[PDB]
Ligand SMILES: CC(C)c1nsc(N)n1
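Below you'll find only one chain, the form deposited without this ligand, shown as structure tokens.
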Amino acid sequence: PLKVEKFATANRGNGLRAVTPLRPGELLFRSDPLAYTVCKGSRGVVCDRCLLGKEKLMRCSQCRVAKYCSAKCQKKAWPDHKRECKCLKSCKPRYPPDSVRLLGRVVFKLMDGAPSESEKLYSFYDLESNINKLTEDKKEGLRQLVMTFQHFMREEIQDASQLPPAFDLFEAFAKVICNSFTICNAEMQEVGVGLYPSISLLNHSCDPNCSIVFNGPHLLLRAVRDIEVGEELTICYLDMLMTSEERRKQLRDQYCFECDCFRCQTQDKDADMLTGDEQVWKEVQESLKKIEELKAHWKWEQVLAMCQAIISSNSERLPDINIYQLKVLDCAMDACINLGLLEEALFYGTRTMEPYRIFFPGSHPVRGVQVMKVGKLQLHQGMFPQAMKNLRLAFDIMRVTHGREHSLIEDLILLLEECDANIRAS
């Protein structure tokens, strides 16, 4: 018995609404992807199948592009990799855009696979394309993706009889652009891109009543507020650390809509997000383009070097509540954790705690993860009362956003028991 149902909204296309009253933390839907792939930066760093990082990965011998954590993952991935393998090998050394590799997997799944549970409420065929809202520049970009797909897939798909009935590649890429999900690992690093057509029914809010979280490729949809019968379910499509102007640009560019929510009408939190000297944070925002690229490719030493030059600059500095400063602290923290620089990681992480309380109101999985990271760093440094407070706060958030079905909650329970045993021996 589903707790959610598809419906036709008055002015947002189709949507999802509650069939029963919902409480924070309630699991509403869970889904594997219709199709997914590792993303550009994480290719060869994480396993193609389970999206977990490993010090050494085994490569597919035929294409040498797909890489796996284990013989189990390589073999289990073979049915969904078999046809793309010949295309990837034929295209070497050229690697396709993520969207092109993704749509290849969509096509093979729809041609060769049984009907997917991911499409229970809504299918790839049903997805919004927004084609009549596309500007000419966007249509041109989609045409180039179509031609890139035809080149990449030529070994496996030569004509329309090898595509699903009435399949239009331009329309398919339009759907991919507006309906791709960024798959994040347990630490909230972007590691993949996938299509989850039933989850695509969720419309956007900058102050949503639901949240999604990834456990490998698996997606969990949970309520994060009380929700009444008939009430529309929403998620936030975007990073919370964005001004209303930034959200406006991305929602127009990628999703072809103008957001009418209260936060956008009132520029909610914009002024607090942009405190400090504008010339300074404009420079930091510029530097973050490279920092974000380095982080996406797991280049932690390079990330840390650039972040330290900002955090410890000889020149003017920013308040930690400035969102570009905050992003630099976040990246520096994550780099230090991955490099084993645990004292420095804790310094940066502790500084983010109050800004995160302000910018992630309610129960948000990203703040849950951040607080867990800080609590774990404090546990390792022997600060048991401080660690316990943060681990308990992380649990209060993550019991709602992640839940028992997410493996990170089991990890958190072990940290809480270890911290508690230390306190009791003191």
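Throughout, we count residues from 1 along the sequence that is shown.
The next section is about a form of this same protein that is not shown, the form deposited with this ligand bound.
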Checklist line | Heavy atom distance at most 4.5 Å to this ligand in the entry with it bound, all of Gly44, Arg64 and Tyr68 | finding: no
Note to self: Partner absent here, but in the entry with it bound, which of 273-281, 155-163, 77-85, 314-322 has residues with a heavy atom within 4.5 Å of this ligand?
What the structure shows: 77-85
Notebook entry, point to check: Can you pick the one in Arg248, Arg105, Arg263, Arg225 that has a heavy atom within 4.5 Å of this ligand in the entry with it bound?
Noted result: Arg105
Item checked: Interface residue in the entry with it bound among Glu354, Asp112, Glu286, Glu343, criterion: non-hydrogen atom within 4.5 angstroms of this ligand -> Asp112
